[PDB]
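Trainee: got a sequence here, can you build the structure:
(chains A, B, C, D, E, F, G, H, I and J)
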Amino acid sequence: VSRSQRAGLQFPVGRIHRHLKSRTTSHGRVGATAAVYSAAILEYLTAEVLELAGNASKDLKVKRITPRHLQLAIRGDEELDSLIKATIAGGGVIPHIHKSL
Amino acid sequence: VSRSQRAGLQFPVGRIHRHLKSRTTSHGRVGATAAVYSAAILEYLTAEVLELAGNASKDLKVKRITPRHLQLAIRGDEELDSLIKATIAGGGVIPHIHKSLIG
Amino acid sequence: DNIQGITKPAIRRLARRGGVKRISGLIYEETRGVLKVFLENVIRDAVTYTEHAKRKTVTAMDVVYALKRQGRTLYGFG
Amino acid sequence: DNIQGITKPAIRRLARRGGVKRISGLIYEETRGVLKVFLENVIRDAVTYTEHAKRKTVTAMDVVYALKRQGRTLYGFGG
Amino acid sequence: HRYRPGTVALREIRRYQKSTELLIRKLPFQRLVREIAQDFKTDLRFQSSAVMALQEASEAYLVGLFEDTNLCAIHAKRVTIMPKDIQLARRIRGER
Amino acid sequence: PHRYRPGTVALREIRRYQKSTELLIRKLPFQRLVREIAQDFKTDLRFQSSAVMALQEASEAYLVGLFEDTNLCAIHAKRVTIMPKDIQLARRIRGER
Amino acid sequence: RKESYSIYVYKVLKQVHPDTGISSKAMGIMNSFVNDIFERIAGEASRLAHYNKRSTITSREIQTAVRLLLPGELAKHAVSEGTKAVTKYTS
Amino acid sequence: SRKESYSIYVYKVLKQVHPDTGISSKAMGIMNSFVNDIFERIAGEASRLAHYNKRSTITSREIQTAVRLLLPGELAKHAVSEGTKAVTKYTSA
DNA sequence: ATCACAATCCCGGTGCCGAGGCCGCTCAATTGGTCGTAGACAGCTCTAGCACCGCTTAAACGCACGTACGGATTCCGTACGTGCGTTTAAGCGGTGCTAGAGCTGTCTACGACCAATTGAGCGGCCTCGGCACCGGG
DNA sequence: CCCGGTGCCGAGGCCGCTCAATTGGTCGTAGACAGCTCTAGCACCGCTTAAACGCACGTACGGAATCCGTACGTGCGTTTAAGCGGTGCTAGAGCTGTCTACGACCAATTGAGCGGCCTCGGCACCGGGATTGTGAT
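Mentor: Residues are numbered from 1 along each chain as shown, chains lettered A, B, ... in the order given. The structure is reproduced below:
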């Protein structure tokens, strides 16, 4: 059975292990549970972003998640806002008209 | 006969090479002419900051570079200020008072 | 000069997007200078990245690497 | 109390080093809040670095690494 | 029939804060990037995706800077932004 | 009673503290504050003295930079006295939450 | 051949939302997003290994890297999911 | 419990530029940390730059491009000049 | 303007820790020689970037007009600044004690590798269903 | 801004090929570990000057108010060049092959850089005239 299946994760445990070997150590070893933990973390973060974006898309009544929805969901949640400080192509801005105006 | 002497520097080519190989990725290789470049770069940067701090010290007529002189040399040049964005411990600040406060 | 290609309505449109109600007439030259400096930095970094790979075409990945170097990582273009 | 220990004259001296000539009466509590937030932010990483080494002593290097993580690299306590 | 200041400004603010389209004509910006890079290395080429990425980054940068400048100007009990506000935002951000 | 004019002694203090490089907080209260902060994260900790010394250096440099930004914000609004609102604007412009 | 995280995102999406698909541009956005998070975790784990002089990268390096990178409740819940995966995998 | 540091070479450079001006142990710690930080930055950039081009060897080209990527204008020009001089001297022997 | 007066700069002696020099020695830079593999040099093809033409037509542009808004002026009220008599909690200094960092000598569990299999993961393709611009109220 | 009409290109499922994920036997090796030593973190007292804290007090300062002059916003008519489309053409980004030229591994070895010990000289702490902005006249 696949290492992802044994770990109960949809992400590739073997490929993530290979990437960790080829990108993360000078000359040394990568533990087998290192790949499992990394894949679980990636799965969790992606699942959270996907759930928030899907909620936004459903609020906007559309069946496809688009960069506008991703931007809305990312800026909406405080933790995701602090974790992701990047620019999203075709994402727009969140409306905010100042009171003094 | 040492590698740094062959390159005509003061920083060690050998130790810098060994420290390079400890940072390259798996199956990584370090050319013997990468350590030469890195040693030359480090020597040049240290020489620049040292000249600046030495001049700042001779301004105050002392013989010992201290954290104060290093901060005064770092923040007194645009290049080093942009490159070095650290917190020199015990360096204080650069004395400057605005014109909207002076009577 | 092509820096004038950033027409007044373009700067006004960016300002409106940012939430600016009124705009002084001197704002436009300042914004043109700001944009020129930012472009110069990113383009220099991307050109160095391209020249490292012995190339004559500046792809999107070079731009993304240069943008990530400055702390302005951009998603969805490579 | 342990936060009033950063006294009003101490905040006044820190302000003076920054070039401040007049200080409002509410600056002190605001600066105390700022300092508490900053200290919590850096110590939350210093203690994590210490715990990862199965230690009980928070060596200077844990603090220096934690500071470098937040983009405020400090010179003079490591190297 | 006319309007007064603050009406069309807010209308445009709403109309442009909801869309995702680019706010610079593409050909003038492309000419600008080619002229700027005409000094680093002569006889240079580009890619469509490269220029599009540069435009997206520049637009995001300038919108953020205008948000900071608007905050700086509103601080001084004002509505009109001026070069002093931009300079304050860029000095506090460290961009100079 | 010489009774200096209000404002002419603050400039002398500004000069004195910008000329000096020592630390500007009593060591014992800052040590106690660091201990009280680090207590809740993990109990029964122990600190190398250089840990607290480096933490104090970092805190003082951070606060000095923040006050310079606040002074710029105050001078912007045609003022001389820094205020809480200027501290908040400084901490908002540079992104610090 | 160009490697991608296009699967394991369609699957996660079709599990969190059994009825919502995703476009092709958003797919690039999330490929870059997962790549960025992976890069950050890998770099922090390497730095921790260099700090504490352990040649190998274990699950503890990943745990501390997650604790340093992710903030607050995100860090707590991610750590919980990783520990659950490790405990299930070991058995 | 040996500990290695860049102190001897720092002192040699300082005596090269300022023969009759000394340095304090606090400044020696400062400059130890400065050399360590700059070397780490350059090495990390060189490693990533080798990785992007699908390489494994970290050659002087990678170090040159890393210096060009993390050093301001005139600093970059002078540093690259010094490094090139050193490399063409080394290859001679 | 001219000046008493608190405060600052400017030199001077002193003795006290710290910078800089000097040996001992252990660790690690360096010399030499396999072999092996990553990388430079030569070809090929076809992808995609540069260039020219013509329409058209949506955005920029220049002038006219008036009003809201930023800047100077005036007036007080009070909340920060100065100086002082007094107290409280930091700063050393010495003694006492020991938890926990730090090195070592074993060794025993995990991880890299190789031969072979095979099963998931990308490039094609073949469509139908979310969608974006209409056009109107 | 809020419901339809419509023709579409974009997303997704089916398909065959390929290349790397999964067993499985070595096997060298790194970190868990128990033990021991010894530094340095912590605690307790005692004096001793000094920074903090509270209070009296009068001046500069932030903030509201009034008032004109002007310079940004809004509208209109007329360019004007950006955006599409169509066709040509070729310059080099990307894949393949071949051959070699540097960088890794191993053994012996020798000098360079740490650790400790020691000494004088530079920095600090301060006393005494010199002079310098302040504030009331």
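Trainee: over to residue G:64: give its phi and psi.
Mentor: phi -70, psi -30 (degrees, to the nearest 10).
Trainee: residues near it, how many?
Mentor: 20 (other Cβ atoms under 10 Å in any protein chain shown). C-beta: built from backbone N, CA, C; applies to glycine.
Trainee: grab the nearest non-local neighbour of it.
Mentor: residue D:52 (4.5 Å; Cβ to Cβ, 6 or more residues apart in numbering or on different chains).
Trainee: neighbours of that neighbour, how many?
Mentor: Residue D:52: 20 neighbours (other Cβ under 10 Å).
Trainee: packing partners of the longest helix anywhere in chain C?
Mentor: When chain C is parsed with DSSP state H, its longest helix is helix C:27-52. Packing partners of helix C:27-52 (3 or more Cβ pairs under 8 Å, 6 or more residues apart in numbering or on different chains; DSSP states H and E): helix C:8-18, strand C:57-58, helix C:60-69, helix E:26-36, helix E:48-75, helix E:83-93, helix H:60-70.
Trainee: between the ones you listed, which one is closest to residue B:37.
Mentor: Checking the helices and strands packed on helix C:27-52 against residue B:37 by Cβ to Cβ gives helix H:60-70 as the closest, at 4.1 Å.
Trainee: alpha carbons of the closest one, in PDB - could you do that?
Mentor: Extracted C-alpha coordinates of helix H:60-70, given in PDB (Å, rounded to 0.1, in the frame of the first residue of the first chain):
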ATOM      1  CA  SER H  60      32.300  31.000  -8.900                       C
ATOM      2  CA  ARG H  61      29.600  32.100 -11.300                       C
ATOM      3  CA  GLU H  62      27.000  31.300  -8.700                       C
ATOM      4  CA  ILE H  63      28.900  33.300  -6.100                       C
ATOM      5  CA  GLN H  64      29.300  36.200  -8.500                       C
ATOM      6  CA  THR H  65      25.600  36.300  -9.200                       C
ATOM      7  CA  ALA H  66      24.800  36.000  -5.500                       C
ATOM      8  CA  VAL H  67      27.000  39.000  -4.800                       C
ATOM      9  CA  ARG H  68      25.300  40.900  -7.600                       C
ATOM     10  CA  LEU H  69      22.000  40.000  -6.100                       C
ATOM     11  CA  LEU H  70      22.500  41.000  -2.500                       C
END
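Trainee: which residues touch that helix?
Mentor: B:31, B:33-34, B:36-38, B:41, B:83, C:45, C:48-49, C:51-52, C:69, H:41-43, H:45-46, H:49-50, H:55, H:76, H:79-80, H:83-84, H:87 (Cβ atoms under 8 Å, 6 or more residues apart in numbering or on different chains).
Trainee: again, but for stretch C:65-77
Mentor: Against stretch C:65-77 from outside (Cβ under 8 Å, 6+ apart): A:67, A:85-90, C:41-46, C:49, C:60, C:63-64, E:49, E:52-53, E:56-57, E:60-61, G:25-26, G:28-29, G:32-33, G:36, H:52, H:69.
Trainee: is it true that residue A:2 touches residue A:14?
Mentor: Yes: with contact defined as Cβ atoms under 8 Å, residue A:2 and residue A:14 form a contacting pair (7.4 Å).
Trainee: related to what we said a few turns ago, distance from the chain centre to the longest helix of chain C, please.
Mentor: 6 Å (Cα atoms, centre = their mean, to the nearest Å).
Trainee: that helix vs DNA strand I: in contact?
Mentor: No: applying Cβ under 7 Å from any atom of the strand, one finds helix C:27-52 separated from DNA strand I by no less than 10.1 Å.
Trainee: ok, now stretch A:23-39?
Mentor: Yes: if you take Cβ under 7 Å from any atom of the strand as the test, stretch A:23-39 does meet DNA strand I, through A:29, A:30, A:31, A:32, A:33.
Trainee: phi, psi of the fourth one?
Mentor: Just to be clear, that refers to residue A:32. phi -70, psi -40.
Trainee: count of residues packed around it?
Mentor: Neighbours of residue A:32 using other Cβ under 10 Å come to 16.
Trainee: now the one 4 residues further on
Mentor: Other residues near residue A:36 number 30, with proximity taken as other Cβ under 10 Å.
Trainee: that's a helix at it, yeah?
Mentor: Yes: the assignment for residue A:36 by DSSP: H, G, I helix; E, B strand; the rest coil puts it in a helix.
Trainee: so which residue is dead centre in chain E?
Mentor: residue E:62 (3.2 Å; Cα atoms, centre = their mean).
Trainee: could you find the closest non-adjacent residue to it?
Mentor: residue C:14 (4.9 Å).
Trainee: isn't that neighbour right up against residue E:59?
Mentor: Yes: at 6.9 Å, residue C:14 and residue E:59 qualify as touching, with contact defined as Cβ under 8 Å.
Trainee: give me the common contacts of the two.
Mentor: residue E:23.
Trainee: would you mind listing what in chain G touches DNA strand J?
Mentor: G:1, G:10, G:21, G:22, G:23, G:24, G:25, G:53, G:54, G:55, G:56, G:58.
Trainee: what's the local residue count around the fifth one?
Mentor: What it means is residue G:23. Neighbours of residue G:23 using other Cβ under 10 Å come to 13.
Trainee: got it, and the last one?
Mentor: Using other Cβ under 10 Å, residue G:58 is surrounded by 17 other residues.
Trainee: could you do residue E:59 as well?
Mentor: 20.
Trainee: who wins for proximity to DNA strand I among the helices and strands packed on helix C:27-52?
Mentor: helix C:8-18 (3.5 Å; Cβ to the nearest atom of the strand).
Trainee: for residue A:31, what are its contacts?
Mentor: G:56, G:57, G:58, G:59.
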